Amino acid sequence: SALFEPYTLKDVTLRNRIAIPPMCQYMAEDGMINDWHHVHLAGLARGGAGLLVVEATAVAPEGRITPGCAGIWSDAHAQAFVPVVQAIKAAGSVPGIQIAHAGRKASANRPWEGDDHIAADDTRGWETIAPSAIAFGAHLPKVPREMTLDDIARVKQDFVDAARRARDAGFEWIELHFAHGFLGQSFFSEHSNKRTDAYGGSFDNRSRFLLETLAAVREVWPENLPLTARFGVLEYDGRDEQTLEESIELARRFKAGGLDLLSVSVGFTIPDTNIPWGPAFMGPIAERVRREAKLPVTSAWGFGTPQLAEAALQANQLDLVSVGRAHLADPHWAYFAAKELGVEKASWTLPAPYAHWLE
């Protein structure tokens, strides 16, 4: 089965092609993770996936999505990850982390607590920052503060510091969160970036924050560990062919700047869109990026059945298949997939205290 073939990228070898993508848990306190995350992540690692990427972890307090988001903006925050990294490795999975800044989508309630921008008088909220003072709209009406050049320098340095901390906490894979309408995606998109300085206007200028952040992170992130990013390559906003072309050009520049793999996603930059949700819907788009940028890719958003995952790999649409919600439902999804695909000794996807009894 293609799904169960190992994958090597730089010095890291994944035991199979199942990746658990970053999934926010909304359970941290002032950015500090706790035994929620420890058990959640260690349990997933034991389930058999080759790669486990920790949820969007804020590079700065104002870059959290919500008051429950994880952070890595101090050494104390980083040290909280050390035992979790060690548990993921003990289970034979590769520990990764997504480092993030939510931009104009920050200062929001948890999804089961309203999912909307926090009220002005709620003591939990904060001022958001963005390339331009324009609100997302809908349930996120807060107008962000337009960043100064010094803000841009500061946030870049926060990504560098976050990457350094991740490295020293023992992560073996990093993902820069340039997707989903958060700060990086919002610099790239003309919907959200109306700047007239070096960081807006032209393709080169809109790309600049992302490319400069990648280059700065590259200075501290080891060359022998995968350096990756998540990026929304289209919006489903009626501008798809032009946006895809620009996204592919940016992907080429990321590759030239040392990116090892791209997680291909949707922008979610604005609310007025028509995303065609369905099984494996991102497959053809991921394949086009893979082919036109000549870069390994993963994607998600409906690949969470064993046959869909296998088909995507065999068609060379993807190099890794990211499976999210199915792992919330069943942390041992990789074992389920091994059984479904008829892998020999499928139960040994799991550790011995489980595998022995399930054979």
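When you see a residue number, it is the position in the sequence shown, counting from 1.
The stretch 314-322 shows the higher mean C-alpha B-factor when 314-322 is compared against 63-71 in the entry.
The PDB entry reports B-factors from which the mean C-alpha value can be compared for 274-282 and 105-113; the larger average falls on 274-282. The top Cα temperature factor in the record, among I18, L350, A338, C24, falls on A338. Comparing the C-alpha B-factors of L244, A130, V160, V82 in the entry, the top value falls on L244. Ranked against the other modelled residues of its chain, the C-alpha B-factor of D330 as given in the entry falls in the middle third.
Split the chain's modelled residues into thirds by C-alpha temperature factor. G304 is in the highest one. Among the modelled residues of the chain, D168 sits in the middle third by CA temperature factor in this PDB entry. Ranked within its chain, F136 lands in the highest third, by CA B factor from the PDB record. Ranked by Cα temperature factor within the chain, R290 sits in the middle third according to the deposited record.
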